[PDB]
Amino acid sequence: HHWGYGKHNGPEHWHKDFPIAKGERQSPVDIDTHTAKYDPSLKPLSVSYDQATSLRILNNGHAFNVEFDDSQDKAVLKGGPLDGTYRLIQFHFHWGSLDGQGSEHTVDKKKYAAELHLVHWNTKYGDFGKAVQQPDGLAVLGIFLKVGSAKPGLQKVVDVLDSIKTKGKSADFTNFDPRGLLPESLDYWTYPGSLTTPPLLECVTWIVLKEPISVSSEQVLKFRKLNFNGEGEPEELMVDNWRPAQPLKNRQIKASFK
Ligand SMILES: COc1ccc([C@H]2OC(=O)NC2=O)c(OC)c1
Ligand SMILES: [Zn+2]
């Protein structure tokens, strides 16, 4: 597969290799704040990242992934809409060429400058590859980024980016604390959806935080210096690595808050 985000291989083309692109629970979606309903049954959300062990950062040609040791329950997400225990495996971002776009989810059609995805898998399926074949296999925590004041907890990530400019490059990235990327509030919207890139599997419980985090223009500018291409290939800046909003179909978005 040669999928990407260009005119010739971007989201509008994905359905030819990945027909589930036109399925019934595709992501991202627009979150219409006037139609999402508060759900009193949602249990409290539990983000337990104190024992998180980051290992590595990888430019995969689509984004950069900060990977974690998920061989044990070190950093987990529970509660909210979730049954059981979901283990953190990696986080990454989607961002724009300009500050007015870059997020995958939208809020009343608003596009944020970027969106962080913290990806976790359901430990009852044993491994991540099995989990992505299940409707409740993954829980993705999605956090919007707006451009304003710098996020101090992001700066170790931005500073390593020069070392992984091109596709296939990785770097050691130990001791990074993902709690520094969270907003103050854990108020969220939740709905059933999918992976937002190929293979587009319909295996995700989406948990999208209402409160965005602020990053500086300098921080996001450094994201935009990455490359989709590999070393020694023609330079294509890693920008606009987001899929647009997909049809909601037969789904309800629930709010954790009133
Ligand atoms: C192999 O594991 C994957 C594959 C794709 C996605 C895409 O779905 C998403 O929401 N962002 C993505 O890059 C993923 O993240 C959950 C994890
Ligand atoms: Zn993502």
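Conventions used here
- Residues numbered from 1 in each chain as written, not as in the entry; some residues may be left out.
- Chains lettered and ligands numbered in written order.
- Heavy atoms only, no water.
- Donors = N, O, S within 2.8 Å, 3.2 Å for Na, K, Ca; no water.
- Tetrahedral: all angles 85-135°; square planar, octahedral: opposite > 155°, others 65-115°.
- Helix = DSSP H or I, 4+ residues; strand = E, 2+ residues; numbered from the N terminus.
- Buried < 20%, exposed > 50% of the residue type's maximum accessible area, 1.4 Å probe, protein only.
- UniProt positions renumbered as here; feature names shortened; annotations may be inferred.
- Contact = heavy atoms within 4.5 Å.
- Polar contact = N/O pair within 3.5 Å; in protein donor to acceptor, adjacent residues only side chain to side chain.
- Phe/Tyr/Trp six-rings, centres within 6.5 Å; stacked < 30°, edge-to-face > 60°.
- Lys NZ or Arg CZ within 6 Å of the ring centre and 35° of its normal.
- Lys, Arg positive; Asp, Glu negative; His and termini not counted.
- Salt bridge = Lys/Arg side-chain N within 4 Å of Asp/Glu carboxyl O.
- Core = buried A, V, L, I, M, F, W, Y, C linked by side-chain atoms within 4.5 Å.

- Structure determination for this entry is recorded as X-ray crystallography, at 1.53 Å resolution.

### Notes on the coordination of the zinc ion (ligand 2)
Turning to step 1, where the next piece is worked out: Donor atoms from the polypeptide that bind the zinc ion (ligand 2) are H92 (NE2), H94 (NE2) and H117 (ND1), placed at 2.0 to 2.1 Å.
Turning to step 2, where the next piece is worked out: For the zinc ion (ligand 2), the 4 donor atoms in the first shell make angles of 98 to 118° at the metal, a pattern classed as tetrahedral.
Turning to step 3, where the next piece is worked out: Along the chain, the residues that donate to the zinc ion (ligand 2) are spaced as H-x1-H-x22-H. A residue pair is termed long-range when its members are at least 10 positions apart, and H92 in strand β7 (residues 86-95) and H117 in strand β9 (residues 114-122) qualify at 25 residues. An identical accessibility class is assigned to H92 and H117; each is buried.

### A word on the UniProt feature "binding site: substrate" in the protein chain
Turning to step 1, where the next piece is worked out: Look at the UniProt record and you will see "binding site: substrate" annotated at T196 and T197.
Turning to step 2, where the next piece is worked out: Tracing the backbone through its elements, the reader meets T196 in the loop between β12 (188-193) and β13 (204-209).
Turning to step 3, where the next piece is worked out: With relative accessibility at 7%, the residue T196 sits in the buried group.
Turning to step 4, where the next piece is worked out: Contacts of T196, omitting those with residues within four sequence positions, involve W14, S27, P28, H94, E104, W206 and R243.
Turning to step 5, where the next piece is worked out: Within polar-contact distance, the side chain of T196 engages the side chain of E104 at 2.7 Å.
Turning to step 6, where the next piece is worked out: The residue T197 is located in the loop between β12 and β13 in this model.
Turning to step 7, where the next piece is worked out: Excluding its chain neighbours within four sequence positions, the residues that come into contact with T197 are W3, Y5 and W14.

### Re the packing of aromatic side chains
Turning to step 1, where the next piece is worked out: A complete count under the given rule lists 15 aromatic pairs for this structure.
Turning to step 2, where the next piece is worked out: Through a chain of ring-to-ring contacts, the aromatic side chains of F64, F68, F91, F93, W95, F173, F176 and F223 assemble into a single cluster.
Turning to step 3, where the next piece is worked out: Note that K110 overlies the ring of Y112, its terminal NZ or CZ placed 5.0 Å from the centroid.
Turning to step 4, where the next piece is worked out: Positioned above the aromatic ring of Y38 is the side chain of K258, whose terminal nitrogen or guanidinium carbon lies 4.8 Å from the ring centre.

### Things to note about the side chain of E104
Turning to step 1, where the next piece is worked out: Counting through the fold element by element, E104 comes out in the loop between β7 and β8 (106-107).
Turning to step 2, where the next piece is worked out: No salt bridge is formed by the buried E104, whose closest oppositely charged neighbour, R243, lies at an N-O distance of 7.1 Å.
Turning to step 3, where the next piece is worked out: In terms of polar contacts, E104 uses its side chain to reach the side chain of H94, at 3.2 Å.
Turning to step 4, where the next piece is worked out: Of the polar contacts made by the side chain of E104, one reaches the backbone nitrogen of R243; its length is 2.8 Å.
Turning to step 5, where the next piece is worked out: Residue contacts for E104: discarding those within four places in its chain leaves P28, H94, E115, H117, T196, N241, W242, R243 and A245.

### Some points on the nonpolar core
Turning to step 1, where the next piece is worked out: By size, the foremost hydrophobic cluster in this structure holds 50 residues, and its most contacted members are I57, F64, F91 and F223.
Turning to step 2, where the next piece is worked out: Contributions of two or more residues to this core are made by β5 (64-68), β7, β9, β10 (138-147), α2 (155-160), β13, β14 (213-215) and α3 (217-223).
Turning to step 3, where the next piece is worked out: Counting residues per element, this core draws most heavily on β7, which supplies 5 residues.
Turning to step 4, where the next piece is worked out: Formed by 23 residues, the second largest nonpolar core is a distinct cluster that contains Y112, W121, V140 and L195.

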